[PDB]
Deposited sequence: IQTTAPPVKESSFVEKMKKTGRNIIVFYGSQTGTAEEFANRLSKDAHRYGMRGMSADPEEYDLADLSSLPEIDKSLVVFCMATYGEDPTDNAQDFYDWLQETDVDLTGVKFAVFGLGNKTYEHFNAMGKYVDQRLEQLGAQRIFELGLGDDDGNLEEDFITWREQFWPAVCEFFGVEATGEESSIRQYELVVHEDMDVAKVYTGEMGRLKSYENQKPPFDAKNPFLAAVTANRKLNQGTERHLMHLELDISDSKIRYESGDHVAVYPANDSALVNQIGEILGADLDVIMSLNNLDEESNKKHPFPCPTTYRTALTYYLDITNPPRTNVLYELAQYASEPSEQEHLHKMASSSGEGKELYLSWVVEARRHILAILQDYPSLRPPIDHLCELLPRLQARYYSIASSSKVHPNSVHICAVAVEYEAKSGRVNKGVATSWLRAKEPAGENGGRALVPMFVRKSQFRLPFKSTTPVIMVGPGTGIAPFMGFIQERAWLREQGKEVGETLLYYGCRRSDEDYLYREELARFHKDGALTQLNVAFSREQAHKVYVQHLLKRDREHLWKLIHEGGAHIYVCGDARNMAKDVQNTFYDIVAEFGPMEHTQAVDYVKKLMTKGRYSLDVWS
């Protein structure tokens, strides 16, 4: 387990802080919201700190009242995030009295998902049960609409509520730097970071175990085009994890740390008139903080912009707010300044011109030519470049030393006028098997798993790239049959546009079906006729048999792919099947299916 830092309350006392903001975050959204709230404190005569609850023992919350006008805020996203597990387990377990504790929670969720803001709601509810007093209403941010805006709305009401309760004054301050720039003219190249994530030279000198902090650089042994046509580009990659000691199972995910497009990095440097090869460090102006830098330093701006910073997603409102000061044309400074509005034209412009048009930082620098911020401050403002997850497309029973990836390359026309390229997929696509192509990765254990007993029936639904984990599932069920095991029915419900356009793993699937590994290979070709044909239309077609498998055969259902519409439509079709054959009313059919998920017989691996 992690070695906990010493009491966060004592740390707050020693540094004159009265507010602490904890972040439950997986892809850094809640973390950035916490950082923003922590920084806001200064604007109201207070002082805060942002913190990862995993590095602390939240039992010390009971000591928080020892600090006058103290308050704790929780920015929690749902998936309970890995870093919030300890805190979560603690909440359920303790009977500690948090009398005198003042709190507020802001949840990050997405309605297209089952348990919307479950974590956020739990924390807010539990702290009250334990005796603490809510200082502001629970926030319910929905990433399906616009999370940034929900945060803005909440934040705007939160602070005045806080000032009113503690009797503090709102004042309105000038720009404040979190880090100071230190340029290094003399530096042993052996101490300059070049893209590694953890220890310096950890990419060059690999040492297990390998994880998110110390990714394993896996060699790309294969990278082939899966689709037959040219409308899009879908690919299959095989990463060699030999000698990595990494363990995995069909259903797990593989994460990769990509590199941004070099041309995009070069242009940002060029438009800002900056020398990207300058070696430097951004050092926290708060020498007490454990966050010494915003990213591994010392390093060059080029390396930072390539491996450490997100330069492709639309900049958040606070970033544009802080950049406004560097736009010399009044109208541009005004537009940038107003992006953080909670209503009106400023808000509408942010939603349409930045978010909807998908303008990345370079696009904004190009379209607002008066905006010329210094490179070091920009690097301090940009979010960190995140790893991308993929559903491992292979079975470890068959490929113990290789992790396969099935992915669609992202490349689309943005309303901003440019063609936007997906970071990880463009980078993966360019990896050519060999001075060999290496991909920094690690595996994340999931709960998406084949049944324990070989005899249990399996129903897999995964159109498009949703086929990914099922290639592994099928490889494994085929292996079991080869091993003399008794394997129940294995049905695949797959979907693509046309058999001659993007039928992924066409030959492999035909083989598994021929050999009996697949009991049924049901494929919906959505564009081979005037009307759409989807996997759920095939599920409805086979309702009688599927009900038999589910109700009498104890079958396990698996859905993978599009979380936005496909997953929901498929779930609805299952409701209808249950409703008809139970038989039972729709409401009871829903409870039936929801119960299957709790009992591990209806699993999901969907993304958007």
| query | finding |
| --- | --- |
| Coordinate gaps, deposited numbering | 1 to 5, 85 to 87, 180, 444 to 447 |
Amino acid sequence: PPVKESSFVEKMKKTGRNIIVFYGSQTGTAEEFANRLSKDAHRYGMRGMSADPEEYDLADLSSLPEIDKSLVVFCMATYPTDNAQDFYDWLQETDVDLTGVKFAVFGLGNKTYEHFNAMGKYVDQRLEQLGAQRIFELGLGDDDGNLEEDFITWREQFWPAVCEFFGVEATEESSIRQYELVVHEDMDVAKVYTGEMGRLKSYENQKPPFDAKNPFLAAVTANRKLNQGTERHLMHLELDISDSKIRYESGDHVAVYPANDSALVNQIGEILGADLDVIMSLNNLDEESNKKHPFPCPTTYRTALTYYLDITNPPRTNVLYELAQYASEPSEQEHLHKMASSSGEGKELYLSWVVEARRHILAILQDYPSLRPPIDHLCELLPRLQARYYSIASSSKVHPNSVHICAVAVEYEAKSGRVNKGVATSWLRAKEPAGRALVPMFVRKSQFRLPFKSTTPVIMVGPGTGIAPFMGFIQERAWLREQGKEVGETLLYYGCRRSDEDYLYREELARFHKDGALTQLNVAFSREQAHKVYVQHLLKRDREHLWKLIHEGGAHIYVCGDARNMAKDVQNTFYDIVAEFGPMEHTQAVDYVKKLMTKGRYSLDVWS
From here on, numbers count along this sequence of modelled residues.
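Definition used throughout: the rigid core is the maximal C-alpha set that superposes within 1.5 Å between two forms.
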{"query": "Rigid core superposition result in 4 other deposited structures of this protein, more deviant of 223 to 231, 262 to 270 by Cα", "finding": "223 to 231"}
{"query": "Unresolved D243 in a third or more of other entries flanked by modelled residues", "finding": "no"}
{"query": "Missing-residue flag, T171, threshold a third of other entries", "finding": "yes"}
{"query": "Per the entry, higher mean C-alpha B factor between 122 to 130 and 318 to 326", "finding": "122 to 130"}
{"query": "Given 172 to 180 and 405 to 413, the range whose Cα B-factors average higher in the PDB entry", "finding": "172 to 180"}
{"query": "Selection by C-alpha B-factor (highest) of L71, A393, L200, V354", "finding": "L200"}
{"query": "Candidate set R358, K191, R384, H236 [ranked by C-alpha B-factor, highest]", "finding": "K191"}
{"query": "Record-listed C-alpha B factor of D542: chain third", "finding": "lowest"}
{"query": "Chain-relative CA temperature factor third for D95", "finding": "highest"}
{"query": "Among modelled residues of the same chain, the CA temperature factor third for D211", "finding": "highest"}
{"query": "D186 by Cα B-factor - lowest, middle or highest third of the modelled chain", "finding": "highest"}
{"query": "Cα B factor band for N565 (lowest, middle or highest third within the chain)", "finding": "highest"}
